[PDB]
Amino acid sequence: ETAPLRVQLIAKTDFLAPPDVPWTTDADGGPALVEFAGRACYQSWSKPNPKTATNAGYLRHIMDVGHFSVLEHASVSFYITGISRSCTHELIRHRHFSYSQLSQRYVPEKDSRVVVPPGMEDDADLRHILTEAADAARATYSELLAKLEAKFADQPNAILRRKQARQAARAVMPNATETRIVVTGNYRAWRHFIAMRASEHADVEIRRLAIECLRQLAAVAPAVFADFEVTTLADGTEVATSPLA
């Protein structure tokens, strides 16, 4: 059973301007918050320059002059499924994010799906070799678990003795095992992730993930991510580049 990548946006920033500040803007939520924060450094609430007189204009300028720390005020959360364990192992190396991830120490592996590496996707023979190997691993897991459950029956706590058995049984589960994860980060963190992972140096799985995150981030905060350009490589995979990263 194979699992496709799904990225669901589950949280963003709600903004409410302070009533006493003599400033309004062209925008809502995160992008308005970022402008407000930038202007707070200068206490410059008026709008002399027509170019930076819209929210998008202001943000593009903030970006251009390298005031990136202002972007940290707004955050976005995704719920991600159809991502492999090897992919999450790379993702969580990014330390300016917060994560909550499906636990193999706790969750049943009996119905677990696998994620096909993008370089194999179009090849039914390779996919077959993968899913068969995954079926073999799952049978092994159930084998180990049954025996381990009996070994750790001594222990009164239901939650402990279930962890002890599954945590050892998990040893046979492959890299391609599906996982699920809530990832939260601010705009500055999201931008770094995209610059690092939406590139030809990156594994094609996390690259695909980064591109999908960028597309969804651009939908909620266009002005913040507009400097990123998506291009398609010879193999048809997608990369994103920005002059500011």
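So that there is no doubt, residue numbering starts at 1 and follows the sequence shown.
- Higher mean CA B-factor, judged across 5-13 and 20-28 from the recorded values: 20-28.
- The question of which stretch, 220-228 or 233-241, has the higher mean Cα B factor is settled in favour of 233-241.
- The entry assigns its greatest Cα B factor, within the set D64, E212, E35, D203, to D64.
- Based on the entry's C-alpha B-factors, the most elevated value among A146, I83, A168, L71 belongs to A146.
- Residue-level temperature factors show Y106 in the middle third of its chain, judged at the C-alpha atom.
- Per-chain ranking of the deposited C-alpha B factor places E90 in the lowest third.
- The entry lists a Cα temperature factor for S77 that places it in the lowest third of the chain's modelled residues.
- Ranked against the other modelled residues of its chain, the C-alpha B-factor of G57 as given in the entry falls in the middle third.
- Ranked against the other modelled residues of its chain, the C-alpha B-factor of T140 as given in the entry falls in the middle third.
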